[PDB]
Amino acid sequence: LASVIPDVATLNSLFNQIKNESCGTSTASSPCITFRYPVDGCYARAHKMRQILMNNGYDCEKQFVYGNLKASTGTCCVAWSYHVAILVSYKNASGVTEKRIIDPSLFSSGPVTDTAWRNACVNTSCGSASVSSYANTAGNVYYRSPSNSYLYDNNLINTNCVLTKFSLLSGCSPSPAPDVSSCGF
């Protein structure tokens, strides 16, 4: 298991592998990743992206951002108290380590800097918005509270259950998302 991806070609491959699992595509396996439904389930999307990296022999970090968050899909807005995505480390063309967020719910075309990512979580086309804090964690953290408490989903039982519950959903409705209380760990 490697924390640093060896090159940009591999980072791009991994991005494509993640995008290929998006709900709405012919290419995805069960459960598809519900990037088109940004209302909720970010934690599950992130952990499923991490599973794809691990399938490939890589791990990553999570970045959690907290605040009065607002994001747009291009036709509707969602409001969040937190968001999470995977923060991938890789070696650039001269062997120096760089990091990028992968989050196709906000950036469908490729990896982006964490500063661009956090700014998309405070999108003022959806009204007032601000970041109160952000934190990086090991990838294995499923959720991090603003008080630095961790929860885990090591066998992806919660992840897969939530993704399945949200499988048919798209856009910014329904909001709140349907109940996922019955999904275990």
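Throughout, we count residues from 1 along the sequence that is shown.
Undergrad: Going by the B-factors listed in the PDB entry, is the mean over the C-alpha atoms higher for 67 to 75 or for 93 to 101?
TA: Taking the mean C-alpha B-factor of 67 to 75 and of 93 to 101, the larger value falls to 93 to 101.
Undergrad: Taking the mean of the C-alpha B-factors per stretch from the entry, tell me the winner out of 18 to 26 and 159 to 167.
TA: It is 18 to 26 that shows the higher mean C-alpha B-factor.
Undergrad: Determine which member of 32, 42, 151, 126 has the highest CA B-factor, using the values in the deposited entry.
TA: Max CA B-factor in the entry, restricted to 32, 42, 151, 126: 151.
Undergrad: Tell me, lowest, middle or highest third: where does the Cα B factor of residue 38 rank within its chain?
TA: Middle third by C-alpha B-factor.
Undergrad: Going by what the PDB entry lists, where does residue 51 fall on CA B-factor within its chain: lowest, middle or highest third?
TA: Tercile = middle for this residue's CA B-factor.
Undergrad: Quick check on the deposited entry: does the C-alpha B-factor of residue 116 sit in the lowest, middle or highest third of its chain?
TA: Highest third, going by the recorded CA B-factors of the chain.
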